[PDB]
């Protein structure tokens, strides 16, 4: 019976940047981004869409690494304003505040559509609608590259996990089911992989760095935000170990 700040509350966004690192508000920050993109091929003429672009870290990284044009879409105007402010000097990056479900792009626009821990905000029906849109928006041979939270079957959920999902308003499904949804939208070369052991390593590292810097955190943020972060990572670590909360990797191609 308490009022909990929502995930992207003013303080929540700042706290996520503290734990994930500057410009990022999802798993593994720049470290995971480097790894996820380590076999991805793009150049200065490539066009990339980032679905759920947040504070802009991913767009910044992709443009810096490849020189690619990057277009980030995020439903949160406040984040889009931040991303724009921080990347004014990058002419080939643009950000737009919109619900991706209300976006259209022409057929064959993007060499890559990229999304990191954002599609969890969408209902199953909306995920399907989005993947149908993504299929259209990709160029021939274009790549869809996603990480997203996934979960064990609902009957294996316990009380705390259910409370977490409700609070966050997430819609989480198992990895195979997510891959099958992508396949059903005609994507080919579909890879749907459980990378929860790598997620575990990132969670452990993130928490260890938070605890190391507790005094630093407490100079600017609340001890309630501190314990909320700490307890939240503690639960994610526990729940990934028993295969309840999962991290999914999905790569697919339009052929």
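Residue numbers count along the first chain shown, from 1.
A.B. asks: If you average the CA temperature factors over each stretch, which comes out higher, 68-76 or 166-174?
C.D. replies: Result: 166-174.
A.B. asks: Which is higher on average in the deposited entry, the C-alpha temperature factors of 223-231 or of 49-57?
C.D. replies: Averaged over C-alpha atoms, the B-factors run higher in 223-231.
A.B. asks: Between 132, 111, 160, 180, let me know which has the highest C-alpha B-factor in the entry?
C.D. replies: That would be 160, according to the entry.
A.B. asks: Which has the highest CA B-factor per the PDB entry: 101, 83, 119, 144?
C.D. replies: It is 101.
A.B. asks: Where does residue 185 sit by CA temperature factor within its chain: lowest, middle or highest third?
C.D. replies: For residue 185, whose C-alpha B-factor we compare with every modelled residue in the chain, the answer is the lowest third.
A.B. asks: Which third of the chain holds residue 155 when residues are ordered by C-alpha B factor: lowest, middle or highest?
C.D. replies: Ranked within chain, residue 155 CA B lands in the highest tercile.
A.B. asks: Where does the C-alpha B-factor of residue 10 rank in its chain, lowest, middle or highest third?
C.D. replies: For residue 10, the deposited C-alpha B-factor lands in the highest third.
A.B. asks: Could you place residue 92 in the lowest, middle or highest third of its chain by Cα temperature factor, using the values in the record?
C.D. replies: It belongs to the middle third of the chain when residues are ordered by C-alpha B-factor.
A.B. asks: Classify residue 22 as lowest, middle or highest third according to the C-alpha B-factor given in the PDB entry, relative to its own chain.
C.D. replies: Middle third.
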